[PDB]
2 protein chains.
Amino acid sequence: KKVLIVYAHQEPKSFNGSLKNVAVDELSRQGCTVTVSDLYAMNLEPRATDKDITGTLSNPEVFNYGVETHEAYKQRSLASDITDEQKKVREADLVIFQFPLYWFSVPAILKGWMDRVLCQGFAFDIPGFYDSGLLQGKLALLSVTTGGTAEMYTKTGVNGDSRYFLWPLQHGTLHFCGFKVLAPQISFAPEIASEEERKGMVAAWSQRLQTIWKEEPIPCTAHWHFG
Amino acid sequence: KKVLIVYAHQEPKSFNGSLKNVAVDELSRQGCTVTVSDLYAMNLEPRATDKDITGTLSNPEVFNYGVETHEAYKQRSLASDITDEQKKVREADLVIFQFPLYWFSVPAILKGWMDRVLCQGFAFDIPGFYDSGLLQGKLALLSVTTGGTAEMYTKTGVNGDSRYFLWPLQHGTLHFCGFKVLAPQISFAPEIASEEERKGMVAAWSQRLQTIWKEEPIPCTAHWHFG
Ligand SMILES: Cc1cc2nc3c(=O)[nH]c(=O)nc-3n(C[C@H](O)[C@H](O)[C@H](O)COP(=O)(O)OP(=O)(O)OC[C@H]3O[C@@H](n4cnc5c(N)ncnc54)[C@H](O)[C@@H]3O)c2cc1C
Ligand SMILES: Cc1cc2nc3c(=O)[nH]c(=O)nc-3n(C[C@H](O)[C@H](O)[C@H](O)COP(=O)(O)OP(=O)(O)OC[C@H]3O[C@@H](n4cnc5c(N)ncnc54)[C@H](O)[C@@H]3O)c2cc1C
Ligand SMILES: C1=C/COCc2cc(ccc2OCCN2CCCC2)Nc2nccc(n2)-c2cccc(c2)COC/1
Ligand SMILES: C1=C/COCc2cc(ccc2OCCN2CCCC2)Nc2nccc(n2)-c2cccc(c2)COC/1
Ligand SMILES: [Zn+2]
Ligand SMILES: [Zn+2]
């Protein structure tokens, strides 16, 4: 089994860093092939621009990012940062995203990974999306950390259910590309937690990874997210 | 009345470009003060990094973006790009976001504007969020374009209701900062639309803007989004 961890945190000593490292440790111990895309260390470009296409654009006068990247994918003329990520995704059986929640979503650097890597022709086609997406047969999992507490992320709490914010990521992105989605790993409020509680949350993640290949996906439906 | 338009499209001749331009024209005609932050033209940095804090002689052993930006805000030592955006927001009565939908969310460059500009001390405090957010008394409005059709973005359509994807943006971001949220402007599927239909969608936005100051905000609730 091949695993790609797309990791989005600036600080190696962070709680996110520890969750990433325990995932490498545990998945490596199992004998999995593991790759980490450390986006901040890579200084990944997040902006969707004409620099993402090498050589001459299909229409140099009016720039249409979607058309140009779709054609570049077909012509093997995407920027090498993009194509390097695509190779990692193509080979992976499981893609784990490890990030702190920023504005009920992914940090911009990770949003940029999604925007630039998951291009038409690679991740989906028309037709060829949702269950027919081009990354069908693969698993994806969101491993998210929050400032807010679990109680705040309940239906009656100030933030609403955590599932509510997952919709654009799980349905709109991962399911759209054909992934099956494993239940999210949400590590609530590490700053509020004691050191030993944080150790427990890292241990919980490690333990979950021991049996990750036996899990069933979640149903990636509006009902799951909002019902 | 002062308006800031935060605009995220690479191509001035785009449908998004036209929506931005009609907004400038209409609001300017009314006598409003209008500013546009053209993120791609500004080459706005989207990544949340230690470069966002100026005047650091020696790097801390552990970098905590949220703590460091909070402190930098209080010390007036944020990067000049951030500071300049904050001044525009501080003065604005209405903030319009004009963007194409990317993965059920904002383009990464706009996500980076949110991540970097809306820092603790400026947009919210702890406590001082949701109805006590620091941008209370201001209005915000999302003007979104999509590839998918209106019918796809219905409860029974493949993408679910358009309101579902608005939650992280409207509740988790804008309401969290204390904004009152005006109903979104969603211009569906301009590529599919005929030239006449496209002109109609631009005219509809301009027409709406004629009376924007008389609108009531939406109730920014789970019921509004998911009911
Ligand atoms: C721009 C921005 C937007 C945000 N938006 C949101 C939002 O929408 N919703 C929300 O809820 N929160 C939000 N937050 C808060 C953010 O999600 C949290 O601050 C983040 O998830 C905390 O994770 P961390 O890895 O940075 O924590 P850290 O601060 O690294 O974790 C706390 C401590 O854990 C320690 N630690 C590291 N490894 C271990 C280990 N193995 N065992 C024990 N301790 C360890 C660290 O040393 C550190 O002292 C936002 C923050 C920012 C900056
Ligand atoms: C990375 C990525 C992710 C995406 N994710 C999603 C998603 O999650 N959901 C989704 O639905 N879509 C998604 N899309 C599609 C994207 O949202 C649409 O392509 C975008 O909204 C179209 O807006 P535009 O301004 O680029 O259109 P354009 O292609 O510029 O507009 C269509 C036509 O309108 C013309 N036009 C411009 N101004 C006028 C005028 N005044 N009058 C008449 N015609 C005019 C233009 O010349 C053009 O021919 C995604 C695209 C990308 C690249
Ligand atoms: C909760 C806010 C409380 O602070 C959490 C918290 C939050 C941040 C940094 C540290 C931190 O707890 C650091 C630890 N602090 C110790 C006591 C209070 C938390 N920063 C931050 N920045 C932008 C948006 C949000 N949070 C944001 C947006 C929406 C919803 C939330 C956060 C989370 O629910 C609302
Ligand atoms: C609809 C897919 C149809 O293509 C729309 C469409 C899509 C794109 C570019 C142009 C475009 O219509 C340009 C005009 N097209 C050319 C022929 C007619 C439609 N690109 C794109 N890229 C990444 C993700 C998504 N869309 C994405 C993710 C989730 C949901 C959707 C899109 C939207 O619902 C699913
Ligand atoms: Zn789904
Ligand atoms: Zn709300």
Side-chain angles (χ1 to χ4, degrees), chain A residues 48 52 62-70 111-112 114-120 123-124 129-131 133 158-160 166-176 179-181 217-225, chain B residues 8-22 98-108 130-131 133 144-150 152-153 158-160 162 165-181 186-203 205-206 217-225:
Chain A
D52 294 350
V62 180
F63 183 64
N64 183 314
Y65 186 81
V67 170
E68 295 282 353
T69 58
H70 183 197
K111 187 51 162 55
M114 295 163 166
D115 293 347
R116 297 175 69 242
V117 175
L118 303 176
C119 72
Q120 190 173 346
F124 70 96
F129 59 86
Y130 287 122
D131 287 358
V158 297
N159 295 330
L166 293 173
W167 173 252
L169 300 173
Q170 294 188 332
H171 184 79
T173 310
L174 299 172
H175 182 195
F176 186 85
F179 288 104
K180 288 291 191 185
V181 177
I218 60 162
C220 188
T221 60
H223 181 73
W224 187 93
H225 287 85
Chain B
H9 200 287
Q10 309 91 344
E11 174 53 57
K13 293 177 184 154
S14 68
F15 190 76
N16 272 266
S18 293
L19 294 172
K20 178 265 292 180
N21 289 335
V22 299
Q98 179 61 241
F99 60 96
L101 198 63
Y102 279 15
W103 294 117
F104 278 39
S105 183
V106 291
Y130 290 119
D131 286 358
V144 190
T145 64
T146 69
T149 63
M152 289 172 187
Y153 281 110
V158 297
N159 294 333
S162 58
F165 70 69
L166 294 173
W167 174 253
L169 299 171
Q170 297 186 331
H171 181 87
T173 310
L174 297 172
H175 183 201
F176 184 89
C177 294
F179 287 100
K180 285 192 164 311
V181 176
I186 309 173
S187 301
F188 289 101
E191 300 104 318
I192 289 171
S194 65
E195 179 73 1
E196 184 216 80
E197 295 172 323
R198 290 201 288 265
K199 278 177 197 183
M201 282 190 282
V202 174
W205 176 225
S206 187
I218 62 164
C220 182
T221 57
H223 177 72
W224 189 93
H225 288 86

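Both counts, for ligands and for their atoms, begin at 1 and track the order of listing. In what follows, chains carry the letters A, B, and so on, assigned in the order in which the sequence lines appear, proteins first and then strands, with residues in each chain numbered from 1.
- In this structure, A/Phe176 and A/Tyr130 have perpendicular ring planes: the angle between them is above 60°, well past the 30° mark.
- A donor-acceptor contact shorter than 3.5 Å is absent between the side chain of A/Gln120 and the backbone of A/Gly66.
- Near B/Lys13, the atoms of ligand 2 lying under 4.0 angstrom from a non-hydrogen atom of the residue are 37 (C), 47 (O).
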> Could you go step by step and tell me if B/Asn159 and B/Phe165 meet the side chain to side chain contact (heavy atoms under 4.5 Å, CB included) rule?
Replying inline: CA-CA 9 Å; B/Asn159 294 333; B/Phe165 70 69; over 6 Å; no
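- Checked against salt bridge (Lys or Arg N to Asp or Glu O under 4.0 Å), B/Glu196 has no partners two or more places apart in sequence or in another chain.
- Here the protein heavy atom with the shortest distance to atom 27 (O) of ligand 2 is B/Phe15 CB, 3.8 Å.
- When the N, O or S atoms of A/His171 are ranked by distance to the Zn ion (ligand 5), ND1 comes first.
- Heavy-atom minimum distance, B/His9 versus B/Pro100: CD2-CG, 3.9 Å.
- Within a 4.0 Å radius of atom 48 (C) of ligand 2, the protein contributes no heavy atom.
- Not one N or O of B/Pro190 is nearer than 3.5 Å to an N or O of ligand 2, by distance alone.
- Nearest protein heavy-atom contact of atom 12 (N) of ligand 2 is B/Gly147 N, 3.0 Å.
- By the criterion of a heavy-atom distance under 4.0 Å, neither the backbone nor the side chain of B/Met152 is placed next to ligand 2.
- At the Zn ion (ligand 5), the angle from ND1 in A/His175 to O in A/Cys220 is 100° when rounded to 10°.
- Listed here is the closest heavy atom pair of A/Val181 and A/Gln170: CG1-NE2, 3.7 Å.
- At least one N/O-N/O distance between B/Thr145 and ligand 2 falls below 3.5 Å.
- Residue contacts with ligand 2, taken as heavy atom pairs separated by less than 4.0 Å, involve B/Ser18 solely via side-chain atoms from C-beta onward.
- A donor-acceptor pair is defined here as one N or O able to donate and one able to accept, closer than 3.5 Å; no such pair exists between the side chain of B/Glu11 and the backbone of A/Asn64.
- Scanning all protein heavy atoms for the shortest distance to atom 14 (N) of ligand 2 gives B/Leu101 O, 3.3 Å.
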